[PDB]
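Protein chains in written order, with the deposited numbering: chain W, 16 to 126; chain B, 27 to 173; chain C, 8 to 213; chain I, 1 to 176; chain G, 8 to 269; chain R, 5 to 93; chain V, 8 to 113.
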Amino acid sequence: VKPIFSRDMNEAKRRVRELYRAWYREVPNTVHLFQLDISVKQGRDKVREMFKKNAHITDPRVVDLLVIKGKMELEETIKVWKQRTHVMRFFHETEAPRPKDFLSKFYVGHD
Amino acid sequence: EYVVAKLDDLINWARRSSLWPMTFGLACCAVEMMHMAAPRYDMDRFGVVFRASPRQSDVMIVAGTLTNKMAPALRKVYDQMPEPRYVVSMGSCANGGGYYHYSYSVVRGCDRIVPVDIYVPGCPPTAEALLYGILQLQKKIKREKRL
Amino acid sequence: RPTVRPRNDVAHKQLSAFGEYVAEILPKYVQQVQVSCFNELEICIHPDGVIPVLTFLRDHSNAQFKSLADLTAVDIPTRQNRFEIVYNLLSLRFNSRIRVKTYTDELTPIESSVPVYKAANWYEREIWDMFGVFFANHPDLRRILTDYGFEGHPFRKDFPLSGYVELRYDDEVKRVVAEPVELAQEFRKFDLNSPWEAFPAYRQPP
Amino acid sequence: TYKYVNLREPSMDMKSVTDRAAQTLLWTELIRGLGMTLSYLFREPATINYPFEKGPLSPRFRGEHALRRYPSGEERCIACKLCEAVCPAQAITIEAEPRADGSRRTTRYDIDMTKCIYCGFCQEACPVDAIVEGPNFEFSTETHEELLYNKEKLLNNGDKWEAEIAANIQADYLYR
Amino acid sequence: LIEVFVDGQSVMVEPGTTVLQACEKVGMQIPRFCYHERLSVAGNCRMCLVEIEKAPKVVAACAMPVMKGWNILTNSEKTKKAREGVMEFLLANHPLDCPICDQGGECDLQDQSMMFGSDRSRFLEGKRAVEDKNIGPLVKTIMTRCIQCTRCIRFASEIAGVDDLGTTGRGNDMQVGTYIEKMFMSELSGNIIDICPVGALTXXXXXXXXXXXXXXXXXXXXXXXXXXXXXXXXXXXXXXXXXXXXXXXXXXXXXXXXXXXX
Amino acid sequence: XXXXXXXXXXXXXXXXXXXXXXXXXXXXXXXXXXXXXXXXXXXXXXXXXXXXXXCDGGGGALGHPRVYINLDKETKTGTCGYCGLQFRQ
Amino acid sequence: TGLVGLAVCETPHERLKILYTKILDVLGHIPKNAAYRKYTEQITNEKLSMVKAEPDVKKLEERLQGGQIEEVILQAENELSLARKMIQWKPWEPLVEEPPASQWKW
Ligand SMILES: NC(=O)c1ccc[n+]([C@@H]2O[C@H](COP(=O)([O-])OP(=O)(O)OC[C@H]3O[C@@H](n4cnc5c(N)ncnc54)[C@H](OP(=O)(O)O)[C@@H]3O)[C@@H](O)[C@H]2O)c1
Ligand code: SF4
Ligand code: SF4
Ligand code: SF4
Ligand code: SF4
Ligand code: SF4
Ligand code: FES
Ligand SMILES: [Zn+2]
Numbered sequence: 016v017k018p019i020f021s022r023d024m025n026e027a028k029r030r031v032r033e034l035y036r037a038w039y040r041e042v043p044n045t046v047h048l049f050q051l052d053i054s055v056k057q058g059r060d061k062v063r064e065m066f067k068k069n070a071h072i073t074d075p076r077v078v079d080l081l082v083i084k085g086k087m088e089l090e091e092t093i094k095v096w097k098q099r100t101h102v103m104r105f106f107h108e109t110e111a112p113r114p115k116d117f118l119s120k121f122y123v124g125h126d
Numbered sequence: 027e028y029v030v031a032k033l034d035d036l037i038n039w040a041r042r043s044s045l046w047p048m049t050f051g052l053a054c055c056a057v058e059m060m061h062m063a064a065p066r067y068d069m070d071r072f073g074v075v076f077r078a079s080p081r082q083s084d085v086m087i088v089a090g091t092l093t094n095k096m097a098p099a100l101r102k103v104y105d106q107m108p109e110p111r112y113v114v115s116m117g118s119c120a121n122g123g124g125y126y127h128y129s130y131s132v133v134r135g136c137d138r139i140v141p142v143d144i145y146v147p148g149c150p151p152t153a154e155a156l157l158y159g160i161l162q163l164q165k166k167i168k169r170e171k172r173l
Numbered sequence: 008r009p010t011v012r013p014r015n016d017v018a019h020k021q022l023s024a025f026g027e028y029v030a031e032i033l034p035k036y037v038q039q040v041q042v043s044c045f046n047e048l049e050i051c052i053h054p055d056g057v058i059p060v061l062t063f064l065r066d067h068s069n070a071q072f073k074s075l076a077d078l079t080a081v082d083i084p085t086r087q088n089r090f091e092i093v094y095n096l097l098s099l100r101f102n103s104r105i106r107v108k109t110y111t112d113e114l115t116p117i118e119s120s121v122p123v124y125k126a127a128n129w130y131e132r133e134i135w136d137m138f139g140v141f142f143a144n145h146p147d148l149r150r151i152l153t154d155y156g157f158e159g160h161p162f163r164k165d166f167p168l169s170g171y172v173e174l175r176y177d178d179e180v181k182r183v184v185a186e187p188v189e190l191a192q193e194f195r196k197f198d199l200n201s202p203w204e205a206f207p208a209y210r211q212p213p
Numbered sequence: 001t002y003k004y005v006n007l008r009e010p011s012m013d014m015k016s017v018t019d020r021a022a023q024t025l026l027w028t029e030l031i032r033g034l035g036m037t038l039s040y041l042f043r044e045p046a047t048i049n050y051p052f053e054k055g056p057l058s059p060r061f062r063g064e065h066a067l068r069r070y071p072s073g074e075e076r077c078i079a080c081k082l083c084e085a086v087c088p089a090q091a092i093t094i095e096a097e098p099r100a101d102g103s104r105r106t107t108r109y110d111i112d113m114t115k116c117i118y119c120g121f122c123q124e125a126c127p128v129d130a131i132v133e134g135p136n137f138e139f140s141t142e143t144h145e146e147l148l149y150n151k152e153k154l155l156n157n158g159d160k161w162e163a164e165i166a167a168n169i170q171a172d173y174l175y176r
Numbered sequence: 008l009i010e011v012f013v014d015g016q017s018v019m020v021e022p023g024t025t026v027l028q029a030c031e032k033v034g035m036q037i038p039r040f041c042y043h044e045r046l047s048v049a050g051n052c053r054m055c056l057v058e059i060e061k062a063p064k065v066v067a068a069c070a071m072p073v074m075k076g077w078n079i080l081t082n083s084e085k086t087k088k089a090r091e092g093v094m095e096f097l098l099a100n101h102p103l104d105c106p107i108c109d110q111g112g113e114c115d116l117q118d119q120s121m122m123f124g125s126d127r128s129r130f131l132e133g134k135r136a137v138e139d140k141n142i143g144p145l146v147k148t149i150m151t152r153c154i155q156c157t158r159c160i161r162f163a164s165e166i167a168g169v170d171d172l173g174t175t176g177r178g179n180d181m182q183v184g185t186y187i188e189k190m191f192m193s194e195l196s197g198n199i200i201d202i203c204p205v206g207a208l209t210x211x212x213x214x215x216x217x218x219x220x221x222x223x224x225x226x227x228x229x230x231x232x233x234x235x236x237x238x239x240x241x242x243x244x245x246x247x248x249x250x251x252x253x254x255x256x257x258x259x260x261x262x263x264x265x266x267x268x269x
Numbered sequence: 005x006x007x008x009x010x011x012x013x014x015x016x017x018x019x020x021x022x023x024x025x026x027x028x029x030x031x032x033x034x035x036x037x038x039x040x041x042x043x044x045x046x047x048x049x050x051x052x053x054x055x056x057x058x059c060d061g062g063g064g065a066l067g068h069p070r071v072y073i074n075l076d077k078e079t080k081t082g083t084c085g086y087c088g089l090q091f092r093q
Numbered sequence: 008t009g010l011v012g013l014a015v016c017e018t019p020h021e022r023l024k025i026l027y028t029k030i031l032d033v034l035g036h037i038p039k040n041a042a043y044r045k046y047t048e049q050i051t052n053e054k055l056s057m058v059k060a061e062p063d064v065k066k067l068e069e070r071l072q073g074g075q076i077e078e079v080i081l082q083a084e085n086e087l088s089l090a091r092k093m094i095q096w097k098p099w100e101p102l103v104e105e106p107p108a109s110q111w112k113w
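In structure tokens, the structure reads:
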């Protein structure tokens, strides 16, 4: 069909599963080889919240592009690349962070 | 009382004599930084030595443009430097992004990564104007550790 | 005209022969649209087969190009199909410049030019970086000009010039260089666009 | 055009082989290379010490920005936003208000030195010739705040360089 | 309806349709100075001169209708020789205000010199200046910058109601002023500054505050005065200073309220 | 003229009960000399012979585009767009 | 004598004749109605006549090459690969692919 991408509907879901195992094994390895930073358990919780935002699945075309991107930004650790605890860090350290409420945001006055 | 005030100037004279800068080739500014070596305008062995080295050097010149890729890279160089360290932001890109600025990749100000003591405003920072940056650094060192 | 005209058309009819010669083969698979203006030739190619077009012009008895050197891509949101990957080709034996274009939206993968041209793989990484177009059967697709912790694709007209992650503080944390801060200085949006049409003949009827 | 870099066998037989072998057995050409720097040592060096001697320049040179004025008082800048739009760095900002009564010449006038890549474009785009680039080198600060130029003021303080600017512009009208 | 081809392409038009009105259907805008939207059709400039397929003299677009099936070219050889010439006549007696002038980019005459008129040179020596006309609150009027046309003259007579602007002389001395020293009435005459193509009549409240270059425009309906819709407001960093009338089909007849303009 | 401590130059306000201004405390703030445009009125008005006069700073050397100024009204003298120089008769 | 390129300048005649006769047969396997066979054949036959007439002359190498026989041999070496790829992937013989959307002007 058009266009190919990589997988058709059901096959695209199992490509995410293979991607999930490869990244789950690296988070204990990126403590001793990289840096302690936060925690091994807290690093694994960062994985689950990342896939929840990506969880929609309507077409295999969108899913396949996420796999290629998932084998790049999460690949920035496996083959040993320089980051120095600045790159590949997803969580905000200095975030305020803002909340969504008609009493909290309106008191600060924004938009 | 009199010996205390005069000995402090003698330690400050040691840095007034010689300053070893870092040779960062991260700019068009770096070619003008190579004009400091060019005989017509020289601080070479007047104070400047082009040996550089990441650890032995006292001064580091941030030459021009810095990207978000080089932002963690230049920071770890600053940590390797000894305690008497002076940072010169030679070039308009180093001062706050001469060009680009509003761009996605270029870091604005350099002070967001590494604190700056002496600012040089010039894009093609003329070697004549570059001579001020080292001479002002030598003049700025006045008094260190009273008590 | 003495200073007003750059060059008179003389090789324009000679270059128009190429506009017929490749079109004499007449594939719906390859040819489609042939445009020739200002001593230059432009061809756009159907997404299904890009590699067979690139194997052509390479070698060939009539015209020898070989060098498929420089590789660009166009971002335009006017059409239903978004991106336009543009190949700039040069001949050493023949001494001529021809253009190869793609018309597809290419959010869905497109065929790679790596088996035909060796230096094409480095340019293919840039298109995946800036525009976000994946190349099928590509060896080593790695980020070059983008940051290691960069989200999205930096060139697309859908998002601003400043971006989302751009400002990098140091402040409170001893070693970690900041990322989530988003604010930058105000880029003044110029609304300078001249009234009246600039040139005749370029005007299209609604 | 062809020039050829390859020598294509300099040695042939007996006489041509021995001298090509002599330079590799001992040195000769290294001693000949030693003589190049030897004569280079004796000839006088072209060196300029900055606090006393000064380097060569030109009648038209761009450095630190300074806005000029008319011989009989009056600020020469007319407020157009002309130089604002040409500026490729967008370093120059201008907001204009009427001056007391009648005259309409500026209020906000900031030129960033954190920006500005130095073109002379603002010098060229100006119809009244307000910003004229003077021969400037001396500028060194502790902060960005001290470096970026305020609402005219410090730009108007370029009177110390305006005497040179008036001399330099006399070599500028009907260009060179 | 009779059809007549303009620039080879055929376009259907009404029997009493103007030449410039017929040009709009073919998607081509002729160089204008005397309006076609709402102001009455009048000559008194001869800029919109177009050459027919078989005609010795060029006819004005504002006055002459198409009527019969005749071919008219917009990018003709005679038209380009005309357009470059008339621009030179307009600028032989023009005071040169462009950097100081309140308009700059918004000025219609400024664009037409760049688009149509002769660029390389303009033969001129000695330009006449007119004395400043009296004006009340809105629009700081300068008679020198005025090109002496018929746009604001008919605006006071037809659109505004109360007539004030007219003719004062004969040659290159005729002013567009009121002749007698009297301030202009309010009502709806505040929109007269937006009508004029040249930088002669421009709002005194927002004069020299911001140029046309570097100003972000946004369309919004006015709160003050009922039945007011579509009015462009220029941001130009932080606080909005200039508000101009935006084109509307039914809500407003391309004229802002005097209370809303200030 | 100066308000409290800081001197006003080319129409500028210092601070409302000292809140905004804090940086100019250790270092002295800049001030343009004679920025009140007193030198504009100090120059004497030149007499005109013709109905319209052309203005120039100092030929093509000094930056002044040529503007013609009309003299018709007896009250209030006419001045050019670039200069504060006034003309009568 | 040696060529400037990495390809070794070997004194070999009729080597060009074998490769140019081989490619003519490959073209007459699958495409027949296509213009690709009809146009490429008459250029190759024109070049083969120059080789038969001129015996090891530099003027024969100067015709449509002018970079010796080594550059002309490279043109024949990749010609067999180009003909086989054109025979495998149908494009010249068949035309049935969909047309693009109506937009071109910028
Ligand atoms: N972890 C703990 O130790 C701990 C536990 C409980 C509570 N705290 C509280 O947290 C605070 C920690 O601060 P710290 O000890 O980290 O500060 P610090 O390192 O002593 O730094 C204070 C600085 O202020 C200057 N300074 C202070 N008093 C001065 C004077 N009279 N004259 C001149 N210079 C003076 C000193 O400069 P010079 O050196 O040049 O004079 C010094 O560099 C304390 O105030 C304490 O109440 C700390
Ligand atoms: S300031 Fe100018 S010379 Fe220096 S790096 Fe930036 S663009 Fe290059
Ligand atoms: S510097 Fe010149 S161009 Fe810029 S606003 Fe002033 S007068 Fe106009
Ligand atoms: S020199 Fe260039 S960058 Fe600097 S203010 Fe002038 S136009 Fe802007
Ligand atoms: S009316 Fe238009 S062309 Fe004439 S000076 Fe004013 S802006 Fe320039
Ligand atoms: S003021 Fe404007 S609209 Fe009125 S006559 Fe003059 S140019 Fe025409
Ligand atoms: S624009 Fe038609 S007569 Fe003036
Ligand atoms: Zn003047």
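We put the beta carbon where it would ideally sit given N, CA and C, even for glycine.
Query: Note down, in chain order, every chain W residue with its Cβ under 8 Å from the Cβ of residue 6(C).; Result: In the structure as shown, chain C begins at 8 and stops at 213. Residue 6(C) is therefore absent and cannot be evaluated.
Query: When you measure from the CB of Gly148(B) to every non-hydrogen atom of ligand 5, does any distance come out below 7 Å?; Result: no
Query: Nearest by alpha-carbon distance to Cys149(B): which of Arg66(B), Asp35(B), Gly90(B) and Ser79(B) is it?; Result: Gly90(B)
Query: Based on the DSSP output, what are the partners of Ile80(V) in its beta bridges?; Result: BP columns for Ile80(V) are empty, so no partner.
Query: From the DSSP output, read off the bridge partner residues of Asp77(C).; Result: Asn95(C)
Query: Okay, do the region 66-77 of chain B and the region 119-139 of chain B touch, 3+ Cβ pairs below 8 Å being the bar?; Result: no
Query: Could one say the Cβ of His107(W) lies closer than 8 Å to chain B's Cβ atoms, at least one of them?; Result: no
Query: Any C-beta of chain G within less than 7 Å: which residues of the region 74-89 of chain R qualify?; Result: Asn74, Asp76, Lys77 and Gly85
Query: Any residues in the region 88-121 of chain G with a beta carbon nearer than 9 Å to a beta carbon of chain R? Which ones, in chain order?; Result: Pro102, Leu103, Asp104, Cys105, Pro106, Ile107 and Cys108
Query: Below 7 Å on C-beta distance, what does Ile117(I) contact in chain B?; Result: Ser118, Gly124, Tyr125 and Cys149
Query: Taking the alpha carbon of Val184(C) as the reference point, which residue from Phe20(W), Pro112(W), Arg22(W) and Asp52(W) has its own alpha carbon closest?; Result: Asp52(W)
Query: Could you check whether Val82(W) and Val31(W) sit closer than 8 Å to each other, using their CB atoms as the reference points?; Result: yes
Query: Going straight from the alpha carbon of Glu95(I) to that of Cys80(I), what length do you get?; Result: 9 Å
Query: For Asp201(G) and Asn156(I), I'd like the C-alpha separation in whole angstroms.; Result: 37 Å
Query: Check each candidate in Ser72(I), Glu124(I), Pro135(I) and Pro56(I) and name the one with the smallest Cα separation from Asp60(R).; Result: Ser72(I)
Query: If the cut-off is 7 Å on Cβ atoms, which residues from the region 127-144 of chain I count as contacting chain R, listed in chain order?; Result: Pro127, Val128 and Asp129
Query: Mark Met36(I) as exposed unless 16 or more other C-beta atoms lie within 10 angstroms of its C-beta, in which case mark it buried.; Result: exposed
Query: So if DSSP puts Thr109(C) in a beta bridge, which residue, or which two residues, is it bridged to?; Result: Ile52(C)
Query: I need the boundaries of the alpha helix (DSSP H) containing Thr93(I), first residue and last residue.; Result: It is not in any alpha helix (DSSP H) - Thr93(I) instead sits in the beta strand (DSSP E) that spans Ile92 to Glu95.
Query: Between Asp165(C), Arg150(C) and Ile105(C), which lies nearest to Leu22(C) when the distance is taken from Cα to Cα?; Result: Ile105(C)
Query: For the alpha helix (DSSP H) that contains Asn44(W), what are its first and last residues?; Result: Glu41 to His47
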